[PDB]
Structures are given as C-alpha cells and as structure tokens.
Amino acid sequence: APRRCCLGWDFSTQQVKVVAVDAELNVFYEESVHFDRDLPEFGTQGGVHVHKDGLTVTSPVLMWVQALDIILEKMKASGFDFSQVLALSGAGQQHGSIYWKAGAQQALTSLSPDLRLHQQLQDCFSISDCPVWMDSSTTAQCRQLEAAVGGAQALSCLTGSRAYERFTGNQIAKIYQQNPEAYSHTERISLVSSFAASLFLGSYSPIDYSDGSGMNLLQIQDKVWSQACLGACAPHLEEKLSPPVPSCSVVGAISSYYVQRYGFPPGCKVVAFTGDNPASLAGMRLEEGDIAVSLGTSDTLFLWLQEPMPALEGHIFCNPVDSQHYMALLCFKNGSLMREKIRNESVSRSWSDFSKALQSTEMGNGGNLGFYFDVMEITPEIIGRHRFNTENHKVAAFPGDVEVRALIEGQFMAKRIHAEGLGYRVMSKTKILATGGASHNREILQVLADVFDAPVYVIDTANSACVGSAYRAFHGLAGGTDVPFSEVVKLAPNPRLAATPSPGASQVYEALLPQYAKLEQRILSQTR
C-alpha cells in the first residue's frame, strides 16, 4: 500500500508545528520551528514582544511567514515525501490578526517557486506587529463595543462572548483608532488561522465559522457578520473580512508554488483552517454530550453545545466539526498552582500523598466545601480561599485530607455548574476527556468521574491542534459536509478509560452541587 497522508499545521504563539497523518489515522511524522530559537533576529521572548506598557503583546507577521519557509525546507531536507499529501488543514492561535496591505493579493497569486515566501511577501502587510491572544491593551474598545450594541449580555447573545480584550474586533478598533492611515491602506484582515490558509492557497482564504466566533463580530446563530458589531469596531470592515464559511470547506487547491517548489500533488486540497481550541476539540473527537478538561496552569473546559446560552463568562463558538451546533470554552485561572500549593501545605510534597488524602476521604467530604482562589478567578470573578463546614458555617481551615478533597471536588463541581450555566447537560452517551499533568492522577480523575456521573478517558493532547487539523483535512477528503466527522475519525486511536463513577456518586452530588452553587452566589453577593 502506498502511504497517502494529510498534513495538520499549527501556527502557535511560540512555534509553527506540523504532523503528517496517514490514511489509517496514525501520526508518522512531526516537525517544528521554534521562533525565539530559530528566528532570534526578531527579538521575541516566548514568540512575542511585550511592549513597554505591559499590556500590548504582538508578533511580527513576517516571522510567521519565514517560519513556514524554514519548516517546509526542514521537511524537504529530512526526505519528507510531499507527493503523498492528499490534503491539508491547520490551526491558528486564536484571536490574533493580520492586516494585508492594498495590492498584497497580487503578490500572493503571483508567487514564483524559485523564491521563498518571506522574500516575496516582505511588503504585503500594513501592520508589521500583529496583536496576539495575550494582548490586554483594548479595555476602552471593549467597553465602547458593549455600550454600542446594548451591553455585555447583548454582545454575548449575538457573538457568544461579552467583549474580551484579546478578541479581534476590539484589536481592529484600536488599530483603526490609533493608526487610521494603516487601516485605510488595509485591503484584507485575516485571523492567524485564515492567514496561514491564505499562504497555502496563494490567495486569500475566508475565515471559518469557528475561529470567526473569537472576534465579537460574527452572529453565531445566523453565521453572518453582525452589522452593529462591524460598525462599532471600524469602518468598511465587512469587505476586509469577506463572508465567513463552514469550517469543513475546501477553500481551494494548494498553490502551484508548493507543487513546483516542494512536490505537493496539484490536486492537494486546502481545507479551511480553524482556531487551535476548535482544532483540539476535533483532535479529541468530542461529540454531542462530551466535555474535555485540560488541566494545567489554567484549567480549560471544552464543551459540546447543541443549543448555547451565551453568558458574561466563557466563550461560545460555532462548532468546527458540526456547523449547525456549537462549542464552548470556560477558563479557570486557579489550576495547577493551587493544587501544588494545597499539596505542599496539607500533605507531603508528593502527588502520591495527595492521592492518599483523596482515597482516605468519602465522596461529598462530610459536607465540607471549599473555594480556592489565590489569584483573581475569571470563572466566576472571586478571589480568596472560602471554606464552609457541613452546617454551611464559614471556617478558617480544614484538616489536611479534607482540604485536598475540598479543592479537587470543589474545582470539578465548579466546572460542572459553570458548564451547565452555558447549556451543557450530562447525557447517557457522555464521555469526559481529561488531559494535562493532573490527568496522570487516578484519584483526581475518579472525583471528576463521580462529580459528572460519567466515564473519564485519558488522552495525550501535546499535538491535539495539529492532529485535529489533519483529521479535519481527512474529513474534507472522505466527503465533508455529506458525512459526519465522527464516522470519518472512527479509525483514529481511542482514548484509555481511566475512571467510571462510583456507586452512589449520583446521590451525593445531586444534593451537594446546588449547595456549592448557592455558596458561590453568597461569596459573589458579598463582593458587590
């Protein structure tokens, strides 16, 4: 059998990564270009420039273009067989934007295979330093956007999110306000995802519905740009964005540039690029009723949503593997640092003793409940440690083992309560995917399984955006919108079952979840 494959790209904050996935849906090749290490002339740290104000965070667009030259030439030098690539897709670090100068599409459509991309596109950008997801300098544009469309809730119902500083519309509004000459000289605005797709097409790619939802611009229901949001951000913005498309769209064939320079087959299809979190959702193969918990410095919840309920917290996006439905992200600032601090304070400085504390305590923790927010939390907006005993009295401390369970049960009950607030419901078919450092702890995943009353599976997500992108490319080849994504990726490696809810978990948490939710509201009302 000749080995056919799809490429899955990731234009990330710190690097450009690629995976090659074969027709049996196995990864057989991976490569990357690290920005600080491989393009040090740009002077980035973590792939970005943090500006003097401590809020403006950007990346040079030509660094991303040049990184693509380096990685393609690094693949060629390793003997990678580009003639086997049937299709490609990719992921882009979300929210980041690219501003193409007037006349740049002529340079894209007239690329010569004798030259590199960086050389040929060096004068194509009206903005050299692109805002990225880490930028937090647009608070005034956020408040202006919300006020213009009738408020924070009105903006979320419409776009799936209230105004967030990193969301593209607020960044576009600042560039227009502070550099109106460069904005007037911009013919096209892309996301990192659609910018990367444009490079492979040798023409402008549209923005997909899923990454297009991370801008405070797209009407997530109607799948059209909100005229009110467009007008409140910057003038003539719709023509600079172009109509958005379903994520499972063949946006074109690969440019002849890649055919002639690297030996891609002329029939290689470019499937629309999407955001890195939507691509990881595809990579993890979430379906209706499923949830993914990414445990790390920040804890991230990925939800499948048939019918969303946009809120002042979280982000609802159009679903990348099912354009009729949605997905959501909920981010928790107090993640792995709290779990480490509580371990070090309450048990021996090891994860084994943390697990023994969970093994030596009952489900429900005897009615002892805890909230652990040493840094200001996002979901919800609370700071401090708040402990309550079985009589709902506020207490100064717990015994060490009770503390460990109060943290872990509390953190997972909060994820369930906040997911449910966005319209998520546990179903009979529900599978929980857990990833990150803490997913290596069986006792922690047992609490997660017990709290949701659903089985927990463990998966490696180091390349989930790359892998999800290659799956999405295969879905485009296997029939696209005519076939379900889930049927295409049935052949992919299955995740390992790590825990199933204990008998009686349902009875314990059905009574305790509403009490935890009421205590959260009590702490919140004491803040205002």
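All residue numbers refer to positions in the sequence shown, first residue = 1.
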| property | result |
| --- | --- |
| Greater mean Cα temperature factor according to the PDB record, 311-319 or 146-154 | 146-154 |
| Mean C-alpha temperature factor, higher of 164-172 and 349-357 | 349-357 |
| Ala91, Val250, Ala197, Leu337, ranked by C-alpha B-factor: the highest one | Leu337 |
| Selection by C-alpha B-factor (highest) of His118, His418, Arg405, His95 | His118 |
| For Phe28, the third of its chain into which the C-alpha B factor falls | middle |
| Third of the chain, ranked by Cα B-factor, where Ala102 sits | highest |
| Chain-relative CA temperature factor third for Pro60 | middle |
| Entry-reported Cα temperature factor of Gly46, expressed as the chain third it lands in | middle |
| Chain-relative CA temperature factor third for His34 | middle |
